[PDB]
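**Student:** Residue numbers (PDB author numbering): 5 to 266.
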Ligand SMILES: Nc1ncnc2c1ncn2[C@@H]1O[C@H](CSCC[C@H](N)C(=O)O)[C@@H](O)[C@H]1O
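1) With distances taken from each beta carbon to the nearest heavy atom of ligand 1, which residues come in below 5 Å, in chain order?
2) Rank 216, 251 and 205 by C-alpha distance to the C-alpha of residue 2 and give the top, closest one.
3) Taking the alpha carbon of residue 105 as the reference point, which residue from 28, 90, 81 and 231 has its own alpha carbon closest?
4) Going by DSSP, what residue range makes up the alpha helix (DSSP H) through residue 183?
5) Ordered along the chain, which non-local residues of its own chain (more than five positions away) have a Cβ less than 7 Å from that of residue 39?
6) Would residue 246 be called buried (16 or more neighbouring beta carbons within 10 Å of its own) or exposed?
7) Which of helix, strand or coil does DSSP assign to residue 16?
8) If you check the beta carbons only, do residue 132 and residue 103 fall under 8 Å apart?
9) Of all the options 251, 222, 112 and 189, which has the alpha carbon lying nearest to the alpha carbon of residue 182?
10) What residue range is occupied by the uninterrupted alpha helix (DSSP H) comprising residue 205?
11) Alpha carbon to alpha carbon, how far is residue 145 from residue 207? Give it in angstroms, no decimals.
12) My parser needs the alpha helix (DSSP H) runs of 4 or more residues fully inside the region 17 to 50; what are they?
13) Compute the Euclidean distance between the alpha carbons of residue 196 and residue 47, then round it to the nearest angstrom.
14) Does the distance from the CB of residue 219 to the CB of residue 185 come in under 8 Å?
15) Residue 224: which of 177, 258 and 261 sits nearest, CA to CA?
16) Spell out the partners DSSP gives residue 222 in its beta bridges.
17) In angstroms, rounded to a whole number, what distance separates the CA positions of residue 262 and residue 116?
18) Inspect the CB distances between the region 244 to 258 and the region 21 to 38 and report whether three or more fall short of 8 Å.
19) What span of residues does the alpha helix (DSSP H) with residue 242 cover, start to end?
20) In terms of DSSP beta bridges, what is residue 252 paired with?
21) Considering only C-alpha positions, which residue in the set 211, 190 and 142 is nearest to residue 100?
22) Residue 65 lies in the beta strand (DSSP E); which residues open and close that run?
23) Rounded to whole angstroms, how far is the Cβ of residue 193 from the Cβ of residue 231, which I believe are closer than 8 Å?
24) What three-state label does DSSP hand residue 194 in the structure shown?
25) How big is the Cα-Cα spacing for residue 211 and residue 228?
26) Relative to the C-alpha of residue 75, which residue among 64, 94, 126 and 17 is closest?
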């Protein structure tokens, strides 16, 4: 490929192990998960601390108005459930239907009593790419597995956009936020263009995303030129090669615990 993002990927792939570890978190915001990991290792159920690094990323978007979760939420590819627990804790959300393939080899939902947990219907063993869409007010999808080969990552990003098209066809007025793993690949730009033309939206980079991923989130609630957004992010990731900062350490998000009714 002949984009700045492809140059970034080639530089990332040619790093030595020491270069990679020195690069991946430079200037990156990172939640302190020492205590959360200790609770999860013990299998504590009564915890409101995030079950994954995903919760703070969705929170970062919600707190800024780049998404506003309400009504019936669907979480496609929920993994441990960090986005599902975040959504369940929002007073405006009435229910969460969370789907993930799970089992051995993939992350299974972590069963905790984080605030609103009882409003989540977790379904593991589910392939969301072959599942029929249903009613939703908000569609979330955090799917996109990293891979050294940007061709694979582009195909995975494209499949997620196609999945979002199917859910938005079912729910034309639903809000939608989804991960775009490799937004610089031309078939991905093309799919995002087609999505944005019909449904609106734009891309945003959360500060928790490491320099070792080009992931950006598409939200229908924001706007902005896709090509410029992607190239600006590529240039920033290229600039961070040789950045001498460490991570910017912040507390992990704590949603509190407890049920909620209606
Ligand atoms: N085809 C598929 N169907 C269902 N889940 C899938 C899938 N392909 C990948 N996944 C799941 O999608 C998840 C995305 S991980 C997302 C992190 C999550 N938002 C959190 O906050 O915890 C992974 O656990 C992966 O196993």
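Cβ atoms here follow ideal geometry from the backbone N, Cα and C, with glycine treated the same way.
**Tutor:** Quick look at the numbers:
1) Listed by chain position, these are 56, 58, 81, 83, 84, 86, 87, 104, 105, 110, 111, 131, 132, 133, 146 and 147.
2) The structure shown does not extend to residue 2, since the chain is modelled only from 5 through 266, so no value can be given for it.
3) In the chain shown, the residue the question calls residue 105 occupies position 101. From the listed residues 28, 90, 81 and 231, the smallest Cα separation to residue 105 is found for 81.
4) Translated into positions along the chain shown, residue 183 becomes position 179. Segment 179 to 184 is the beta strand (DSSP E) holding residue 183; no alpha helix (DSSP H) there.
5) Looking up residue 39 in the chain shown gives position 35. The residues are 53.
6) For the purposes of this step, residue 246 is taken as residue 242 along the chain shown, with counting starting at 1. Counting the other Cβ atoms within 10 Å of the Cβ of residue 246 gives fewer than 16, which makes it exposed.
7) The residue you call residue 16 lines up with position 12 of the chain shown. Residue 16 falls in the helix class under three-state DSSP.
8) Reading the chain shown from its first residue, position 128 is the one you call residue 132. Reading the chain shown from its first residue, position 99 is the one you call residue 103. Between residue 132 and residue 103, the C-beta gap is smaller than 8 Å, which places the two residues in contact.
9) Looking up residue 182 in the chain shown gives position 178. When only C-alpha atoms are compared, the closest one is 222.
10) Along the chain shown, one-based indexing puts residue 205 at 201. Run containing residue 205: none; DSSP gives neither H nor E here.
11) The count along the chain shown starts at 1 and reaches residue 207 at position 203. The count along the chain shown starts at 1 and reaches residue 145 at position 141. Residue 145 has its alpha-carbon roughly 14 Å from the corresponding atom of residue 207.
12) Along the length of the region 17 to 50, whole alpha helix (DSSP H) runs at least 4 residues long occupy 21 to 28 and 38 to 46, reported in chain order.
13) On the chain shown, position 192 is the one that residue 196 refers to. On the chain shown, position 43 is the one that residue 47 refers to. The straight-line gap from Cα to Cα measures roughly 40 Å.
14) In the chain shown, counting from the first residue as 1, residue 219 sits at position 215. In the chain shown, counting from the first residue as 1, residue 185 sits at position 181. Yes, the pair counts as a contact, with Cβ atoms nearer than the cut-off.
15) Residue mapping note: residue 224 aligns to position 220 of the chain shown, counting from 1. The option with the nearest alpha carbon to residue 224 is 177.
16) Along the chain shown, one-based indexing puts residue 222 at 218. Paired residue(s): 182 and 207.
17) Taking the chain shown and counting its residues from 1, the one referred to as residue 262 is at position 258. Taking the chain shown and counting its residues from 1, the one referred to as residue 116 is at position 112. Computed Cα separation, rounded: 10 Å.
18) Enough Cβ pairs lie closer than 8 Å, so yes.
19) The residue labelled residue 242 in the question sits at position 238 within the chain shown. Start and end: 230 to 243.
20) Within the chain shown, numbered from 1, the residue matching residue 252 stands at position 248. According to DSSP, residue 252 bridges with 33.
21) Counted from its first residue, the chain shown places residue 100 at position 96. Taking only the C-alpha atoms, the option nearest residue 100 is 142.
22) The residue labelled residue 65 in the question sits at position 61 within the chain shown. Boundaries for residue 65: no beta strand (DSSP E) harbours it, while the alpha helix (DSSP H) harbouring it runs 58 to 67, taken from the DSSP string.
23) Here residue 193 refers to the residue found at position 189 when the chain shown is read from its first residue. Here residue 231 refers to the residue found at position 227 when the chain shown is read from its first residue. Indeed they touch by this definition, with Cβ atoms about 7 Å apart.
24) On the chain shown, position 190 is the one that residue 194 refers to. In the structure shown, residue 194 sits in a helix (DSSP, three-state: H, G or I).
25) Position 207 of the chain shown holds residue 211. Position 224 of the chain shown holds residue 228. Each residue's alpha carbon lies about 18 Å from the other.
26) The residue labelled residue 75 in the question sits at position 71 within the chain shown. When the alpha-carbon of residue 75 is set against those of 64, 94, 126 and 17, the nearest one is in 94.
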